[PDB]
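Residues per chain are reported as follows:
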Amino acid sequence: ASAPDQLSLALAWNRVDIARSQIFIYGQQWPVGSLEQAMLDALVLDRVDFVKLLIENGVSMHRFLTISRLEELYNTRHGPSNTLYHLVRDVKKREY
Amino acid sequence: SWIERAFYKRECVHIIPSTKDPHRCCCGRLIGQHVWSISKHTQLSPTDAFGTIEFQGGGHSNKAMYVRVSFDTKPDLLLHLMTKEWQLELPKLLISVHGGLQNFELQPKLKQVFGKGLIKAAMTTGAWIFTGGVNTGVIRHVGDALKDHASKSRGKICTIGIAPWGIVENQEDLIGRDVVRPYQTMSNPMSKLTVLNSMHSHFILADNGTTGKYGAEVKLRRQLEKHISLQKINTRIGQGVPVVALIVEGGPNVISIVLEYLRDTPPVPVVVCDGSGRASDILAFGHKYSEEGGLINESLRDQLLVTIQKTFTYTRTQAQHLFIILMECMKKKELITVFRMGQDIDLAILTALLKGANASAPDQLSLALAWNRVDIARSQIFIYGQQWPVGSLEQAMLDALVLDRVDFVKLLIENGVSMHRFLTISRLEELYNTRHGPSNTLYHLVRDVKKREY
Amino acid sequence: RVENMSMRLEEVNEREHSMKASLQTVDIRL
Amino acid sequence: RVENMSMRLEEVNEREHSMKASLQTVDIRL
């Protein structure tokens, strides 16, 4: 299959070494923006070693960041329990 | 702009001789890919590939800045490029590591000893690393040893790789004029071209015009390394920078490079390592069963002949000719040292530096206290029959005392230097008003005492 | 000691494999 | 390390038994 689909299966599997020895194959075609989507999915899925992998194999952290990107990773539901909702509700209540 | 105006490059403009393949020319490139003078008819043009390399992938992101230089250039122009344009100080040690171009794997803790042992010696001397450039074989172990430590690139590790321009993959990607060219750590297994080592620092891409063939860098690297050794070292006592040659594995060709180093003015010491195999193991087996250097009996001679014809798969006359060159290296058995596993290559490299220095033993001791290495002193500077000048041991003892070297004081006490005869009132005073060493609270107390005295 | 013991047992087992190959080659010829 | 050392010494002692058998068979034929 396509290597972004292989990466998505790797983050579903929580297996980093399989990705670093097969999905980053020598001569693997990488689509424009697919690595960014994989990085975003690794960030919202709480995969620290996968973030280490995509940083190790390209993916400039300066060029990755966008205001809408940081916002869409700020309002995500997948992952651990979030106390940001209650705090943002209290802040918006006390604002006005 | 001074890089383009001073250094040159050459491009393959030939009659395209077919030889074996119709696409492959004398230079090995494709027949429609075109655009020494013997059979290649090359033309001289200013360089179009210099600047900086940004390594994407392959671990940490590191910049290794580069230049493509013609293979027949004088080394005086190149040394000005290291010193002025590339802002590199003169090294206090040059080491040049040779070996086999084929990839090999050694013992795992041989890789650990080679890992920590080299990079500790480069740190303690502030040395320059001279490899073959591409990421094959022994140089692949060099960049892996740099993966072990990395860290202080600010401490001038300086792994300058000298590789030919013809075999580095993605040559057209690395074309620029003082521009950051991104380069891949991808190396295609199907392609015969091999990539550069990812964790280097400087690159001397030497184009002879041909592509896919070696030999475009050996004559340039030898003339460069001689040119550094003529430069006077910063101590200015009458010696140049030391040069040693590190050998791992290698083919039958590297035996002749040993004799090139030994039969040279000034002689360059070499060091070998054991357990990798091939030419390093036959030079090791020559050294232990050697007697009086080239005085080798017949039974051990035939054992060396059958191991050459088995490991290097040579003929009878080729093994005999390699045995002749090995005997020519044997004459200078004192210049070579052999490292055996079972301790690192720090002691081997620094011992070879001591042997190839050929300086006075007080100067060797001063270099030892500068190095903070006691065992090198106790195994080489206190050699059997070493001449000791009158008072030089006392100066070494005084320098060890003011430099806070307790083990060196143990060494000079162990090897003479009566403590009663050492002491003088002016000696104790001059070691009482010294500034080298740790922080001293004696000044404030002596100021308070002299203030309260009157 | 177990660091050098493991390294030397990796070398000794490889040498025992070469011993097996040499003994099989010697037994094949006689 | 002693977990892999014990496993490899079980294999090495078995291979030494096979070495003993091969050496006895070679010595019987000559």
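Above this text you will find the structure in question.
A few points on the structure. (Residues numbered from 1 in each chain as written, not as in the entry; some residues may be left out. Chains lettered and ligands numbered in written order. Part of a larger assembly, values for the part shown. Heavy atoms only, no water. Residues with missing side-chain atoms left out of burial classes, pairs and counts.)

### Some thoughts on the overall build of chain B
- Within chain B, the secondary structure is distributed over 17 helices and 12 strands.
- Across its three principal axes, chain B shows a C-alpha extent of roughly 95 × 60 × 40 Å. (Helix = DSSP H or I, 4+ residues; strand = E, 2+ residues; numbered from the N terminus.)

### Some thoughts on the packing of aromatic side chains
- With a centroid separation of 5.3 Å and an interplanar angle of 45 degrees, the aromatic rings of A:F24 and A:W30 are classed as tilted.
- On the basis of an interplanar angle of 45 degrees and a centroid distance of 5.3 Å, the ring pair of B:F382 and B:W388 is categorised as tilted.
- The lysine or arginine in question, A:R69, covers the ring of A:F64, its NZ or CZ lying 5.2 Å from the ring centre. (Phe/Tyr/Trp six-rings, centres within 6.5 Å; stacked < 30°, edge-to-face > 60°. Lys NZ or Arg CZ within 6 Å of the ring centre and 35° of its normal.)

### Details of the relation of the copies chain C and chain D
- Least-squares fitting of chain C to chain D yields an RMSD of 0.0 Å, with the superposition described by an axial translation of 0.0 Å and a rotation of 90 degrees. Considering both components of the superposition, the chain copies are consistent with a four-fold axis. (Least-squares fit on C-alpha atoms.)

### Quick look at the pattern of salt bridges
- B:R340 is the salt-bridge partner of B:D274, the closest N and O atoms lying 3.2 Å from each other. You can see B:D274 sitting in the loop between β11 (270-273) and α7 (279-288) and its partner B:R340 sitting in the loop between β12 (336-339) and α10 (345-357), a full 66 residues away along the chain.
- Measuring nitrogen to oxygen at the nearest pair gives 3.6 Å for the salt bridge that ties D:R8 to C:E10. Residue D:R8 is found in helix α1 (residues 2-28), and its partner C:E10 is found in helix α1 (residues 2-28); the two belong to separate chains.
- When salt bridges with common partners are traced through the structure, they connect B:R222, B:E225, B:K226 and B:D264 into a single cluster. (Salt bridge = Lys/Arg side-chain N within 4 Å of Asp/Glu carboxyl O.)

### Focus: the interface of chain C and chain D
- Contact residues are listed per partner, giving 11 residues for chain C and nine residues for chain D.
- Residue composition of the side of chain C that touches chain D, grouped by class: five nonpolar, two polar and four charged. (Contact = heavy atoms within 4.5 Å. Nonpolar A, V, L, I, M, F, W, Y, C, P; charged D, E, K, R; others polar.)

### Quick look at the side chain of B:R68
- Relative to the assigned elements, B:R68 resides in strand β4 (residues 65-70).
- For B:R68, the residues in contact, after removing those within four places along its chain, are B:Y8, B:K9, B:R10, B:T47, B:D48, B:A49, B:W165, B:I175, B:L205 and B:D207.

### Overview of the sheet that holds strand β3 (residues 49-56) of chain B
Residues and elements named next belong to chain B.
- As summarised here, the arrangement of the 10 strands in space is β8-β3-β4-β9-β7-β6-β5-β10-β11-β12, forming an open sheet in which the pairing is mixed. In this open sheet, the two strands that pair with only one neighbour each are β8 (176-184) and β12. Across this sheet, the average inter-strand angle for adjacent strands is 25 degrees, counted without regard to direction.
- Examined bridge by bridge, strand β10 (residues 243-248) and β11 share three bridges and lie parallel to one another. Paired with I247 across the bridge in β11 is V272.
- Sitting on the sheet, helix α4 (residues 138-149) touches β5 (93-99), β6 (127-131), β7 (159-164) and β10, and the angle it makes with β5 is about 130 degrees. (Pairing = 2+ DSSP bridges. Axes fitted to C-alpha atoms, helices over the stretch in contact; angles between N-to-C directions.)

### Digging into the arrangement of the chains
- Ranked by contact count, the leading pair among the three pairs of chains in contact consists of chains C and D.
- In this view chain A stays clear of chain C, with the nearest C-alpha atoms of the two still 25 Å from each other.
- One finds no contact linking chain A with chain D; the least C-alpha distance across the pair is 23 Å.

### Quick word on the environment of B:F312
All names here are of chain B.
- Along the chain, the position of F312 falls in the loop between α8 (298-311) and α9 (316-330).
- Counting along the chain gives 34 residues from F312 to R278, while the straight-line C-alpha distance between them is 7.1 Å.
- In contact with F312, not counting residues within four places along its chain, are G250, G251, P252, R278, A279, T307 and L322.

### So, the pairing of β11(B)
All names here are of chain B.
- Traced from β10 through helix α6 (residues 253-262) to β11, the parallel crossover comes out right-handed.
- Of the strand pairs in this sheet, β11 and β12 are connected by four bridges, and their pairing is parallel. By the bridge assignment, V272 is partnered in β12 with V338. (Right-handed = clockwise from strand over helix to strand, strands pointing away.)

### Focus on unusual backbone geometry
Residues and elements named next belong to chain B.
- In this chain, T265 is followed by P266 through a cis amide linkage whose omega measures 0 degrees.
- Relative to the elements of secondary structure, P266 occurs in the loop between α6 and β11.
- Backbone geometry places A150, a non-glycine residue, at a positive phi of 50 degrees.
- One can find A150 in the loop between α4 and β7.
- Even without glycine at this site, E291 takes up a positive phi of about 55 degrees.
- With respect to the helices, strands and loops of the structure, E291 is situated in the loop between α7 and α8.

### Re the packing of helix α2 (residues 16-23) of chain A against helix α4 (residues 48-56) of chain A
Residue and element names in this part refer to chain A.
- In the contact formed by α2 and α4, the axes pass within 9 Å of each other and the chain directions differ by 20 degrees. With respect to α4, the axis of α2 lies roughly parallel. Between α2 and α4 lies a crossing whose hand is right-handed. Side by side, α2 and α4 meet where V16, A19 and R20 of the first sit next to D49, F50 and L53 of the second. (Parallel < 35°, antiparallel > 145°, perpendicular 65-115°, else oblique. Left-handed = near helix turned anticlockwise from the far one by under 90°.)

All we've got here are geometric facts, nothing functional implied.
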